[PDB]
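Take a look at the structure below.
Coordinate-derived values only; no laboratory data. Neighbour counts are summed over all protein chains in view; Cβ atoms, including those assigned to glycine, are modelled from backbone coordinates with ideal geometry.
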Amino acid sequence: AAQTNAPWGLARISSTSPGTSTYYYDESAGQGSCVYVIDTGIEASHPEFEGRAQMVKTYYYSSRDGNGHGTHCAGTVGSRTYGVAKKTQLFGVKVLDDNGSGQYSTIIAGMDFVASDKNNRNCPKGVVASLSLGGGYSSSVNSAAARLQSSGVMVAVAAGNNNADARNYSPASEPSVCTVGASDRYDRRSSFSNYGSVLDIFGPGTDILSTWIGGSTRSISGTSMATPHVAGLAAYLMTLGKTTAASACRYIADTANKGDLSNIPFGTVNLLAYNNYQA
């Protein structure tokens, strides 16, 4: 299938070259997979989600996204126009308040929630979790991310936006999850993207158009935007049967576009997520 005039990041993940604007992907489109978006919530009523999004958990007075960040990330995972995996099921877990902040204890509870809650959902093709959040290093936060991954969920986490080594941030520094840096439309490392040996992959993260609250859309930047590209890609590849939750990060690295990004520091992988779809 071909989506013309797609956001540049979707086009990028299905291309061997920058500078194109059509997204190509197998029509299975992540059907039968599930992606948890652990964030500020999701505006599930947005027409772009087509009834495929729902809130399943909140730690605050509402499950609604009063910020937009979680809705934007969920849109990149699986909205009809802005999403990688256009037929996946989206589950929102609101661990961040409407200012975008959350305590590590709440974030940890949300990860352990997903590890259990997947057993209450129908995800025959597999389960992914997208974590566009983080703070300073915490062994407990990393351990929670490691448990979620161990339980059979493909965990994708943002590297962080400090232009620094991600080893000092969590859950970015957890080795067993998929840590995602950000690139721009000219295949340059995004100016803010963290780097380091803990990164597994880069995805599109600068000037990413997606859904927003109030039934709207907007373009914003961050490793928070790159992460859901990788999460949606994992769901898509799992639906195709090409990989599993436990192996999808490695498979994405195996099949990535290699050596094509500029300003990658020595010792950081030069790997850009790629769906290897042949139409």
Theoretical ellipticity at 222 nm over the chain - DSSP helices of four or more residues, -39500 (n - 2.57) apiece, nearest 500
-7000 deg cm²/dmol
Contact order relative to length of the chain, as percent, for alpha carbon pairs under 8 angstrom and 6 or more apart
22
Could you calculate the FRET efficiency of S101 with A253 from 1/(1 + (r/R0)^6), where r is the beta carbon distance between them and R0 is 35 Å, rounded to 0.05?
0.65
Whole Å is fine, so just give me how far the alpha carbon centre of segment 193-237 lies from that of segment 92-133.
17
Restricting attention to the alpha-carbon atoms of segment 60-131, what are Rg (one decimal) and Dmax (integer), both in Å?
12.8, 35
Compactness of segment 14-119 as Cα Rg over 2.2 N^0.38 Å, two decimals
1.13
Counting other C-beta atoms within 10 Å, and keeping those with at most 14, which DSSP coil chymotrypsin sites (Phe, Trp or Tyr not before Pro) do you find in segment 1-37?
none
Binned at 10 Å starting from 0, the alpha-carbon pair-distance distribution of segment 84-206 in whole percents comes out as 13, 43, 35, 9, 0
Could you pull out the chymotrypsin sites (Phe, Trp or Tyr not before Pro) across segment 231-279 that fall in loop regions by DSSP (anything but H, G, I, E, B) with no more than 11 other Cβ atoms inside 10 Å?
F266
Per-selection Rg to Rh, the chain - Cα, Kirkwood hydrodynamic radius:
0.92
How would you rank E27, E48, going from fewest to most other Cβ atoms within 10 Å of each one's own Cβ?
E27, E48
Going through the cross-link list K86/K258; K57/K242; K86/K118; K94/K118; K57/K87, which pairs have a Cα-Cα distance over 23 Å in this structure?
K86/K258; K57/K242
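Please arrange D200, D97, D112 by how many other C-beta atoms lie within 10 Å of their C-beta, fewest to most.
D112, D97, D200
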Rounded, prolate or oblate: which fits segment 185-263 when a ≥ b ≥ c are the square roots of the eigenvalues of the alpha-carbon gyration tensor, with rounded for a/c under 1.5 and prolate only if a/b beats b/c?
oblate
Taking other Cβ within 10 Å of each residue's Cβ, how do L272, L233 sort, fewest first?
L272, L233
Considering only DSSP beta bridges with both partners in the chain, what is the antiparallel share in %, to the nearest 5?
30
When the chain is fully extended, how far beyond the present Cα-Cα distance does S191 get from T20, taking 0.36 nm per residue of separation?
59.4 nm
